[PDB]
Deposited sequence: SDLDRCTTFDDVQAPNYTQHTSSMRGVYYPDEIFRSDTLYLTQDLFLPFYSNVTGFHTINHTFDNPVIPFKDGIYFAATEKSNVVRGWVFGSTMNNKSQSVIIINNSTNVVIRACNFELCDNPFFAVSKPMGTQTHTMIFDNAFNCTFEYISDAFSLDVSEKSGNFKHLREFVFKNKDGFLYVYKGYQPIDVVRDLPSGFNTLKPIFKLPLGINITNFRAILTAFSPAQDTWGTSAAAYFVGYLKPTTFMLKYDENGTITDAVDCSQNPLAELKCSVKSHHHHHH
């Protein structure tokens, strides 16, 4: 059973900056102590980024075009952003893959899903426990199934600053859904803080599905819906030439966006 919310305020599509975020290890090669020039799908430095903010009567989960791949950040203190649906029609007329953390397991399922237009987890604000999981009402022709080892995640509403910055890069390449991940702690009340955090590949999903759109799977907090403060950010990957500095320990510690300006475009420098 799918549930829509009553009086949702429309999204504002606020604009923010990506600073120097979104850099990821572009492949599996273990380069070390070198500079590496490549042309790949990168998020250019100081690109515009769309901020979807959940607060008060606002609950931003619209269908967002996937295009050539995305950078996706989330500023969190109450584990609101819990997953994504990647697909095309977002109907059960086509294949979709759901990638979620449902508070005990990480689930990745590629099926013909009867998606809820307003998919959400629901948590009791007084009881502090997850009560509902309403993402789809039916599923058939399931093509991919992954369920992680069990864990225990704090689902309850928290107060104060956003303490967790969770970054991801999603690409559809060679029939695979590449999922890159990075994390860093923060303490901020708004916006996507400036910084640099290389993302590492965590999934290379052999789905082979058409992914033109996606939707964020969020968390409503009820005491009959309600919200808790959160925000995610979508940037679009573009074909760009980057120079990645692989340190002596094999770590990407710095990068130059060669299209940023002629000073950067010193071949590059």
What ranges of the deposited sequence, counted from 1, have no C-alpha atoms in this structure?
-> 1-4, 228-230, 277-285
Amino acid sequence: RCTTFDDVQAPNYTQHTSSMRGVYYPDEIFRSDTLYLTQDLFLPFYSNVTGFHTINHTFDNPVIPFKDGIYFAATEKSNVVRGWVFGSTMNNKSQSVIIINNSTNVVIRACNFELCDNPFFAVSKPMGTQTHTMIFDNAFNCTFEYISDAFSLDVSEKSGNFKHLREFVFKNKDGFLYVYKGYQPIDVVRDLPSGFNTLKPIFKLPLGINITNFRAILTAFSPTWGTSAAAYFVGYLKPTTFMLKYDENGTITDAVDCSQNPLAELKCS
From here on, numbers count along this sequence of modelled residues.
Ranked by mean Cα B-factor in the entry, 141-149 and 125-133, top stretch is 125-133
Would you tell me which stretch averages the higher CA B-factor in the PDB entry, 151-159 or 72-80?
-> 151-159
Taking the Cα B-factors listed in the entry, which of 225, 52, 36, 30 comes out highest?
-> 225
Please place residue 186 in the lowest, middle or highest third of its chain by C-alpha B factor as given in the entry.
-> middle
Chain thirds by Cα B factor, record data; residue 230 belongs to the lowest
Entry-reported Cα temperature factor of residue 211, expressed as the chain third it lands in = lowest
Where the record places residue 59 (Cα B-factor, split into thirds across the chain) | lowest
Using the B-factor values recorded in the entry, state whether the Cα atom of residue 243 falls in the lowest, middle or highest third among the modelled residues of its chain.
-> highest
